[PDB]
Structures are given as structure tokens and as C-alpha cells.
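Trainee: Please find data-v3.cif (mmCIF, C-alpha atoms) on the next line:
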```cif
data_coords
#
loop_
_atom_site.label_atom_id
_atom_site.label_comp_id
_atom_site.auth_asym_id
_atom_site.auth_seq_id
_atom_site.Cartn_x
_atom_site.Cartn_y
_atom_site.Cartn_z
CA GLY G 1 -24.66 -39.49 8.79
CA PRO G 2 -23.20 -42.10 11.17
CA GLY G 3 -25.09 -42.47 14.47
CA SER G 4 -26.23 -38.98 15.46
CA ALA G 5 -23.84 -37.16 13.11
CA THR G 6 -24.99 -34.87 10.27
CA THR G 7 -23.58 -35.30 6.72
CA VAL G 8 -23.18 -32.41 4.28
CA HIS G 9 -22.63 -33.82 0.75
CA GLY G 10 -20.34 -31.02 -0.39
CA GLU G 11 -18.81 -27.90 1.10
CA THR G 12 -19.00 -24.12 1.49
CA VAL G 13 -17.56 -22.67 -1.73
CA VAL G 14 -14.58 -20.36 -1.61
CA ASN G 15 -14.10 -17.97 -4.55
CA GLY G 16 -10.74 -19.07 -5.90
CA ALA G 17 -10.49 -15.97 -8.10
CA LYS G 18 -10.65 -13.37 -5.31
CA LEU G 19 -8.03 -12.46 -2.67
CA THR G 20 -8.89 -10.62 0.54
CA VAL G 21 -6.37 -8.15 1.94
CA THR G 22 -6.79 -7.26 5.58
CA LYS G 23 -5.76 -4.02 7.27
CA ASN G 24 -5.16 -3.95 10.97
CA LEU G 25 -4.65 -0.51 12.49
CA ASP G 26 -2.56 -1.01 15.66
CA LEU G 27 -3.00 1.75 18.30
CA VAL G 28 -0.21 2.44 20.77
CA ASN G 29 -2.71 4.43 22.86
CA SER G 30 -5.93 2.39 22.92
CA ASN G 31 -7.84 5.67 23.36
CA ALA G 32 -6.32 7.15 20.14
CA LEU G 33 -8.37 9.11 17.63
CA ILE G 34 -8.56 7.55 14.17
CA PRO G 35 -7.35 9.73 11.27
CA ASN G 36 -9.26 10.16 8.04
CA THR G 37 -7.15 8.24 5.55
CA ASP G 38 -6.74 5.42 3.04
CA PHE G 39 -4.36 2.50 2.92
CA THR G 40 -3.51 1.38 -0.60
CA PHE G 41 -2.48 -2.07 -1.74
CA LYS G 42 -0.84 -2.98 -5.03
CA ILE G 43 -0.49 -6.30 -6.83
CA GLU G 44 2.23 -6.89 -9.41
CA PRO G 45 3.47 -9.80 -11.48
CA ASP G 46 6.44 -11.27 -9.63
CA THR G 47 9.49 -10.75 -11.91
CA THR G 48 11.81 -12.90 -9.79
CA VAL G 49 10.19 -16.22 -10.79
CA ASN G 50 12.02 -18.83 -12.88
CA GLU G 51 9.58 -19.32 -15.75
CA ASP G 52 9.50 -23.06 -16.42
CA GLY G 53 6.55 -25.19 -17.62
CA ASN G 54 4.55 -24.76 -14.38
CA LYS G 55 5.65 -21.45 -12.84
CA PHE G 56 4.72 -18.19 -14.57
CA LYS G 57 5.17 -14.49 -13.96
CA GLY G 58 1.71 -13.26 -13.03
CA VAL G 59 -0.62 -11.71 -15.59
CA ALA G 60 -1.05 -8.00 -14.79
CA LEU G 61 -4.50 -7.11 -13.48
CA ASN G 62 -6.60 -4.35 -15.06
CA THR G 63 -7.11 -2.87 -11.58
CA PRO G 64 -3.84 -3.65 -9.67
CA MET G 65 -4.60 -1.40 -6.71
CA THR G 66 -7.29 -1.49 -4.09
CA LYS G 67 -7.70 0.26 -0.74
CA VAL G 68 -9.36 0.56 2.64
CA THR G 69 -10.62 3.80 4.18
CA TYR G 70 -10.62 4.94 7.83
CA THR G 71 -12.55 7.89 9.27
CA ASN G 72 -12.72 9.59 12.67
CA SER G 73 -16.00 7.71 13.34
CA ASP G 74 -14.22 4.33 13.29
CA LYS G 75 -13.00 5.10 16.80
CA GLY G 76 -14.20 2.47 19.27
CA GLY G 77 -14.68 0.00 16.40
CA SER G 78 -12.45 -2.93 15.47
CA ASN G 79 -10.04 -0.91 13.30
CA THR G 80 -9.77 -3.92 10.97
CA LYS G 81 -10.91 -3.34 7.38
CA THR G 82 -10.84 -5.53 4.27
CA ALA G 83 -10.30 -5.02 0.57
CA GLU G 84 -10.14 -7.62 -2.20
CA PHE G 85 -8.30 -8.28 -5.47
CA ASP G 86 -10.40 -9.85 -8.26
CA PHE G 87 -8.78 -12.40 -10.60
CA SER G 88 -11.94 -13.49 -12.47
CA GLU G 89 -11.40 -11.30 -15.59
CA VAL G 90 -7.69 -12.14 -15.90
CA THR G 91 -7.02 -14.15 -19.08
CA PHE G 92 -4.67 -17.04 -18.30
CA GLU G 93 -3.37 -18.67 -21.50
CA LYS G 94 -2.51 -22.02 -19.85
CA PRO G 95 -2.79 -23.89 -16.55
CA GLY G 96 -0.04 -23.08 -14.06
CA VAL G 97 0.95 -21.31 -10.89
CA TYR G 98 1.09 -17.55 -11.53
CA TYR G 99 3.18 -15.42 -9.18
CA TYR G 100 2.48 -11.91 -7.92
CA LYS G 101 3.75 -9.66 -5.20
CA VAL G 102 1.35 -7.79 -2.89
CA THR G 103 2.60 -4.69 -1.03
CA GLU G 104 1.08 -1.68 0.81
CA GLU G 105 1.74 1.67 -0.88
CA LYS G 106 2.75 4.51 1.43
CA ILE G 107 1.91 7.37 -0.92
CA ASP G 108 0.23 9.91 1.37
CA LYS G 109 2.00 9.40 4.71
CA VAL G 110 -0.14 10.15 7.76
CA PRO G 111 1.61 11.74 10.78
CA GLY G 112 2.11 9.24 13.57
CA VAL G 113 1.49 6.23 11.33
CA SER G 114 4.12 3.52 10.82
CA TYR G 115 3.49 1.68 7.53
CA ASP G 116 3.80 -2.07 7.04
CA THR G 117 6.64 -2.81 4.61
CA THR G 118 5.81 -6.52 4.23
CA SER G 119 5.89 -7.98 0.76
CA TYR G 120 3.67 -11.03 0.18
CA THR G 121 4.26 -13.49 -2.62
CA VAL G 122 0.94 -14.71 -3.97
CA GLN G 123 0.51 -17.92 -6.02
CA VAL G 124 -2.58 -18.01 -8.24
CA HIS G 125 -3.26 -21.66 -9.11
CA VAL G 126 -4.84 -21.71 -12.54
CA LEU G 127 -6.32 -25.09 -13.45
CA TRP G 128 -8.11 -26.30 -16.59
CA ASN G 129 -11.87 -25.92 -16.22
CA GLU G 130 -13.95 -28.36 -18.24
CA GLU G 131 -17.19 -26.39 -17.86
CA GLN G 132 -15.77 -23.02 -18.93
CA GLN G 133 -13.40 -24.73 -21.44
CA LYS G 134 -10.50 -22.51 -20.33
CA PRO G 135 -7.73 -22.18 -17.67
CA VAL G 136 -9.32 -20.80 -14.50
CA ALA G 137 -7.94 -19.12 -11.36
CA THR G 138 -8.88 -21.90 -8.95
CA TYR G 139 -7.13 -21.15 -5.68
CA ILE G 140 -4.80 -18.55 -4.24
CA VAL G 141 -1.99 -19.03 -1.74
CA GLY G 142 -0.13 -16.18 -0.04
CA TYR G 143 3.02 -16.25 2.06
CA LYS G 144 5.26 -13.81 3.84
CA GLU G 145 8.41 -15.51 5.23
CA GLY G 146 7.82 -19.25 5.03
CA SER G 147 4.26 -19.75 6.16
CA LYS G 148 1.11 -19.64 4.11
CA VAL G 149 -0.94 -16.93 5.81
CA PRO G 150 -3.89 -14.60 5.15
CA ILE G 151 -2.65 -11.35 3.65
CA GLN G 152 -2.73 -8.84 6.49
CA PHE G 153 -0.97 -5.49 6.79
CA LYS G 154 -0.40 -3.97 10.21
CA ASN G 155 0.01 -0.25 10.51
CA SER G 156 0.80 1.38 13.83
CA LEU G 157 -0.88 4.56 15.04
CA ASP G 158 1.16 6.49 17.54
CA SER G 159 -0.11 9.50 19.42
CA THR G 160 1.30 11.82 22.05
CA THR G 161 0.63 13.90 25.18
CA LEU G 162 0.72 17.59 26.00
CA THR G 163 1.31 18.56 29.63
CA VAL G 164 0.77 22.17 30.78
CA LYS G 165 2.19 23.11 34.25
CA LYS G 166 2.01 26.29 36.35
CA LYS G 167 4.97 27.40 38.40
CA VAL G 168 4.91 30.42 40.75
CA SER G 169 8.19 32.00 41.81
CA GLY G 170 9.40 35.01 43.80
CA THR G 171 8.70 36.05 47.39
CA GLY G 172 5.55 37.87 46.22
CA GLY G 173 4.06 34.91 44.30
CA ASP G 174 0.65 33.64 45.43
CA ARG G 175 0.85 29.82 45.44
CA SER G 176 -2.91 29.54 46.05
CA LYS G 177 -3.90 31.78 43.09
CA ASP G 178 -5.70 30.26 40.08
CA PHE G 179 -4.28 31.34 36.74
CA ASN G 180 -6.58 31.19 33.73
CA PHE G 181 -5.57 29.45 30.52
CA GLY G 182 -6.93 28.64 27.06
CA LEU G 183 -6.04 25.65 24.87
CA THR G 184 -7.02 25.47 21.18
CA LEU G 185 -6.48 22.34 19.03
CA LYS G 186 -6.85 23.10 15.30
CA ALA G 187 -8.75 20.81 12.95
CA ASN G 188 -7.11 19.41 9.83
CA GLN G 189 -7.82 16.78 7.19
CA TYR G 190 -7.02 13.85 9.46
CA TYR G 191 -8.91 15.02 12.57
CA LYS G 192 -12.01 17.16 12.11
CA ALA G 193 -13.70 19.77 14.30
CA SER G 194 -15.53 18.62 17.42
CA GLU G 195 -13.71 15.28 17.78
CA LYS G 196 -12.71 15.11 21.43
CA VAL G 197 -9.42 14.56 23.19
CA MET G 198 -9.12 13.48 26.79
CA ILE G 199 -7.75 15.87 29.44
CA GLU G 200 -6.60 15.05 33.01
CA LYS G 201 -6.04 17.77 35.63
CA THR G 202 -3.82 16.98 38.62
CA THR G 203 -3.93 19.08 41.76
CA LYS G 204 -1.28 18.75 44.45
CA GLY G 205 -3.55 17.53 47.30
CA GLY G 206 -5.73 14.53 48.23
CA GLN G 207 -8.15 14.70 45.27
CA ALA G 208 -7.67 12.25 42.38
CA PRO G 209 -6.93 13.51 38.83
CA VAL G 210 -10.04 14.93 37.09
CA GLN G 211 -11.07 13.93 33.52
CA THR G 212 -12.59 16.30 30.96
CA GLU G 213 -12.88 16.46 27.14
CA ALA G 214 -11.73 19.21 24.76
CA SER G 215 -13.10 19.52 21.24
CA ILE G 216 -10.89 20.08 18.22
CA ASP G 217 -11.35 23.62 16.83
CA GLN G 218 -12.91 24.78 20.13
CA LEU G 219 -11.29 26.92 22.84
CA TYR G 220 -10.73 24.91 26.02
CA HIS G 221 -10.74 26.97 29.28
CA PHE G 222 -8.87 25.76 32.38
CA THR G 223 -7.15 27.10 35.49
CA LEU G 224 -3.94 26.11 37.26
CA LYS G 225 -2.43 26.91 40.65
CA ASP G 226 1.32 26.65 41.28
CA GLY G 227 2.36 23.03 40.98
CA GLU G 228 -0.80 21.90 39.20
CA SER G 229 -1.00 20.51 35.65
CA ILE G 230 -3.25 19.39 32.85
CA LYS G 231 -2.37 16.67 30.37
CA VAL G 232 -3.93 16.04 26.94
CA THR G 233 -3.54 12.23 27.07
CA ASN G 234 -4.35 11.25 23.44
CA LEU G 235 -3.19 14.20 21.40
CA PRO G 236 -2.77 12.94 17.80
CA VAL G 237 0.53 13.61 16.01
CA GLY G 238 0.44 16.41 13.38
CA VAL G 239 -2.06 18.66 15.22
CA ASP G 240 -1.39 22.41 15.53
CA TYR G 241 -2.20 23.95 18.92
CA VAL G 242 -1.90 27.15 20.99
CA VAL G 243 -1.69 27.47 24.80
CA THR G 244 -2.14 30.92 26.37
CA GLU G 245 -2.31 32.23 29.92
CA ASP G 246 -4.31 35.38 30.73
CA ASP G 247 -2.30 38.57 31.17
CA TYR G 248 -1.30 39.07 34.82
CA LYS G 249 1.01 42.11 34.50
CA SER G 250 -1.47 44.42 36.26
CA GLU G 251 -1.38 42.02 39.20
CA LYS G 252 2.45 42.48 39.04
CA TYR G 253 3.32 39.05 37.64
CA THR G 254 5.90 38.45 34.92
CA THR G 255 5.13 35.37 32.80
CA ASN G 256 7.52 33.28 30.74
CA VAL G 257 6.90 30.02 28.85
CA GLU G 258 9.12 26.96 28.52
CA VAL G 259 8.29 24.64 25.61
CA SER G 260 10.05 21.34 26.31
CA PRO G 261 9.75 18.24 24.12
CA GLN G 262 10.95 14.99 25.79
CA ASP G 263 14.33 14.26 24.12
CA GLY G 264 14.41 17.56 22.25
CA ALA G 265 15.54 21.16 22.60
CA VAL G 266 13.90 23.34 25.26
CA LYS G 267 12.45 26.63 23.99
CA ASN G 268 12.07 29.77 26.16
CA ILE G 269 9.38 32.34 25.28
CA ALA G 270 9.28 35.61 27.15
CA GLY G 271 5.55 36.27 27.38
CA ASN G 272 2.09 34.86 27.58
CA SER G 273 1.52 32.30 24.88
CA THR G 274 3.20 29.47 22.98
CA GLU G 275 3.49 29.92 19.21
CA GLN G 276 1.40 27.68 17.04
CA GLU G 277 3.16 24.44 17.84
CA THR G 278 2.60 21.21 15.87
CA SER G 279 2.33 17.99 17.92
CA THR G 280 5.05 15.42 17.12
CA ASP G 281 5.58 11.87 18.41
CA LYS G 282 7.44 13.33 21.43
CA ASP G 283 5.69 14.13 24.72
CA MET G 284 5.44 17.90 25.16
CA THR G 285 5.69 19.69 28.48
CA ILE G 286 4.88 23.39 28.49
CA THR G 287 5.55 25.33 31.74
CA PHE G 288 4.26 28.84 32.46
CA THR G 289 6.30 30.53 35.17
CA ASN G 290 4.57 33.41 36.91
CA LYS G 291 7.00 35.51 38.93
CA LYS G 292 6.11 38.20 41.44
CA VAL G 293 8.49 40.13 43.72
CA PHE G 294 8.39 43.27 45.90
#
```
Now that the file is in, can you turn its structure into C-alpha cells?
Mentor:
Amino acid sequence: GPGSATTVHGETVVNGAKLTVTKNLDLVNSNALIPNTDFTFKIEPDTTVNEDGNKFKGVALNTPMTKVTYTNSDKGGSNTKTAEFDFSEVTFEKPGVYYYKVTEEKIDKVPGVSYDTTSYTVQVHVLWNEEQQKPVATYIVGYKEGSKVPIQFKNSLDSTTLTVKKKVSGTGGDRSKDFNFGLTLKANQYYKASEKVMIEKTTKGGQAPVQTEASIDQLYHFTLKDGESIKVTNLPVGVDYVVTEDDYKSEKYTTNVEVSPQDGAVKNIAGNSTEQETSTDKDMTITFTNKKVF
């Protein structure tokens, strides 16, 4: 090489018959749990092409779908995964640019996931190869809306919060009494047993909010005084749950429950426990009112 420079008499080889598809899972809550699921990608001959001497409709692949898989254990990781399409076995009859469309298939929709609807046009440049004595997929160019770009799909993972509050009313209500509660989050296919969600308890005085963890499929015990709350801060969407307060009728309390989703319709339950609710993308506030009079 010139002076102190170092000369490499060739290059790193790129496989011009293979196309990488990248999945980026975009978390609205950076602490979100990662659901067990696939993302599927399909490649199809582009029908919209004007078939002249150089441009061709793509030749259909034998395996026109590929996928990436996510599991609960990916949490904390990069949340980027790759798959690949292979064009090496595709028989091209003549040199040309062969056009395909690459999309993400939203077949099994996961609660709280927003699916990328991007459609990439992919040009497979197929050049005559003197060695192999045939037309060969030589390089691949993909583009979205007027820039040649790596093929990436970006799916968004939303999650939610559940806030449980205690309110004491009546002239007989003890505002310094601790009421006992249980929270159960039920496991499903997306989020298995023992995965943990984050819980913050706020008390009304000088102490800062306290952090704890609750396991899916495991009863979580907590207490609340009037005007205190807990908040599940990274509750996944699609998760069934029950909140119950102990029975305080023998201590002369009446208990009612208010189930209030953010922009939704408030729900009043005379009694002691929520139904089995299912978490949605809306923040849920559940208030237990304990009333005592003379």
C-alpha cells in the first residue's frame, strides 16, 4: 500500500442471492414484557411491473415465507431479530432485474402489538455468470418510498397500567386502618407463569413510592390505607386479572368497587372483588370504597 497504508486486493464478499429481513420490536414502555410470538414475512413476485426486455415479474420462491420468533426471555435484550430469504435455488431463465414485494403478515395478532404495514419492492439483479454458465442472482436492492434501504419492519409493543386505590368514607371510617388485598395475574400463551411485573405503592406521607415485583400466575398480597394506591406499571395488554379486598363486614364496613378505564365506561360493583377483567391498552383505575357509619 502507499506509505503506511494497507492494501487488500479484493473485498469482503456479500451473498447476492440472500436477503436479510430485520425485525425491530419498538416498546412504548421500555420496561415492557416481551410476548411469545412470531413475525412472518412473505415475498411475492411483483405483478405491477411492466415486463419489457430488462424488467421481469419475479420468479416465485419455493419457500416464500420466513419468520422471526420472540420469547419472554428476550426481555432486556436488543429486541432486534433477523430472518433471510434465499434466492440461490431460484431458476432465472435470462439475465434481468426481477421484481418482488416483501410484506409482514399479520396472521396471529398479538394484543398490544401494532404491525408494520410497509411494503418493500425488491429488485433481484440477475446477471450472466460465466463460471456457472447460467443467469445468477447477483445483487439485491430493496426500497420503501424512494430510498434504497435495508428491509426492516418495525412493530410497536404497547402495554398498560393498573392502579388500585383505597377510599374510606363515613364518620365511622378508620383512615389509618390497613385493608388487605390480593392481586392475581393469569398466565397465557404470550406471557408465562412467574414472569414478573413491576408494582409501585404510594403512601400519602413523606416516604417515596416503594417498588416490588408480582409474578404472573401467583397471588400478590398488599395492603392499602385510605388514600393510598398501588400501580402495576408494565401490565401487558391481553392479561386477565382479579383484584379482591378481604371481607370487612364484621368490622362494620360496606365495600364497593369502581372499575374505571381511562376514556371508557365506569363500572360499579357492589361487593368485594372485581370480575376477571382483561387488560386493554387503556389505563385502568380500580377503587375500593370502604364505608363505615354509626
Trainee: If you count all atoms listed in the file, which residues fall within 10 Å of stretch 154-156 of chain G, apart from same-chain ones fewer than 2 positions away, as a PyMOL selection string?
Mentor: chain G and resi 22-28+39+80+104+112-118+152+158-159
Trainee: Just the selected residues (C-alpha atoms), exported as a PDB file, in the coordinates of the input, please.
Mentor:
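Result file selection39.pdb:
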```
ATOM      1  CA  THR G  22      -6.790  -7.260   5.580  1.00  0.00           C
ATOM      2  CA  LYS G  23      -5.760  -4.020   7.270  1.00  0.00           C
ATOM      3  CA  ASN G  24      -5.160  -3.950  10.970  1.00  0.00           C
ATOM      4  CA  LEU G  25      -4.650  -0.510  12.490  1.00  0.00           C
ATOM      5  CA  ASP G  26      -2.560  -1.010  15.660  1.00  0.00           C
ATOM      6  CA  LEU G  27      -3.000   1.750  18.300  1.00  0.00           C
ATOM      7  CA  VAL G  28      -0.210   2.440  20.770  1.00  0.00           C
ATOM      8  CA  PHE G  39      -4.360   2.500   2.920  1.00  0.00           C
ATOM      9  CA  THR G  80      -9.770  -3.920  10.970  1.00  0.00           C
ATOM     10  CA  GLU G 104       1.080  -1.680   0.810  1.00  0.00           C
ATOM     11  CA  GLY G 112       2.110   9.240  13.570  1.00  0.00           C
ATOM     12  CA  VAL G 113       1.490   6.230  11.330  1.00  0.00           C
ATOM     13  CA  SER G 114       4.120   3.520  10.820  1.00  0.00           C
ATOM     14  CA  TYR G 115       3.490   1.680   7.530  1.00  0.00           C
ATOM     15  CA  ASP G 116       3.800  -2.070   7.040  1.00  0.00           C
ATOM     16  CA  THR G 117       6.640  -2.810   4.610  1.00  0.00           C
ATOM     17  CA  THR G 118       5.810  -6.520   4.230  1.00  0.00           C
ATOM     18  CA  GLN G 152      -2.730  -8.840   6.490  1.00  0.00           C
ATOM     19  CA  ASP G 158       1.160   6.490  17.540  1.00  0.00           C
ATOM     20  CA  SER G 159      -0.110   9.500  19.420  1.00  0.00           C
TER      21      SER G 159
END
```
Trainee: Quick check, in Å to one decimal: how far apart do atom CA of residue G:19 and atom CA of residue G:87 lie?
Mentor: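 Spanning atom CA of residue G:19 to atom CA of residue G:87 is a straight-line distance of 8.0 Å.
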Trainee: Taking the file as shown, find all residues satisfying the PyMOL selection byres ((chain G and resi 57-73) around 6) and write them as a PyMOL selection string.
Mentor: chain G and resi 34-43+45-46+56+74-75+98-100
Trainee: So what do you get for atom CA of residue G:261 versus atom CA of residue G:247, distance-wise?
Mentor: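 Atom CA of residue G:261 sits 24.7 Å away from atom CA of residue G:247.
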Trainee: To verify the selection step, state as a PyMOL selection string which residues the PyMOL selection byres ((chain G and resi 215-217) around 7) yields on this input.
Mentor: chain G and resi 184-187+192-197+213-214+218-219
Trainee: Would you please work out which residue, of G:210, G:168, G:21, G:269, is nearest to residue G:292 when using all atoms listed in the file?
Mentor: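 When distances to residue G:292 are compared using all atoms listed in the file, the smallest one comes from G:168.
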Trainee: Ranking G:178, G:258, G:145, G:44 by minimum distance to residue G:85 and counting only C-alpha atoms, which one comes first?
Mentor: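 Using only C-alpha atoms, the shortest distance to residue G:85 belongs to G:44.
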Trainee: In Å, with one decimal, what is the gap from atom CA of residue G:183 to atom CA of residue G:171?
Mentor: 28.9 Å
Trainee: Just want the 12 Å neighbourhood of residue G:282, counted on all atoms listed in the file, with same-chain residues fewer than 5 positions away dropped. Output as a PyMOL selection string.
Mentor: chain G and resi 112+158-163+235-238+260-265
Trainee: If I put a ball of radius 7 Å at (0.8, 31.0, 27.5) in the file's coordinates, which residues poke into it when counting all atoms listed in the file, written as a list in words?
Mentor: residues 243, 244, 245, 257, 272, 273, 274 and 288 of chain G
Trainee: Apply the PyMOL selection byres ((chain G and resi 231) around 12) to the file shown and report the selected residues as a PyMOL selection string.
Mentor: chain G and resi 160-165+183+197-203+209-214+222+224+228-230+232-235+283-287
Trainee: Tell me, as a list in words, which residues lie within 12 Å of residue G:146, counting all atoms listed in the file; anything in the same chain fewer than 3 positions away does not count.
Mentor: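 Here the qualifying residues turn out to be residues 120, 121, 141, 142, 143 and 149 of chain G.
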Trainee: I'd like to know which of G:15, G:189, G:54, G:250 is closest to residue G:139, using all atoms listed in the file.
Mentor: G:15
Trainee: Pick the closest to residue G:281 from G:173, G:53, G:111, G:135: which is it, counting all atoms listed in the file?
Mentor: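 Using all atoms listed in the file, residue G:281 sits closest to G:111.
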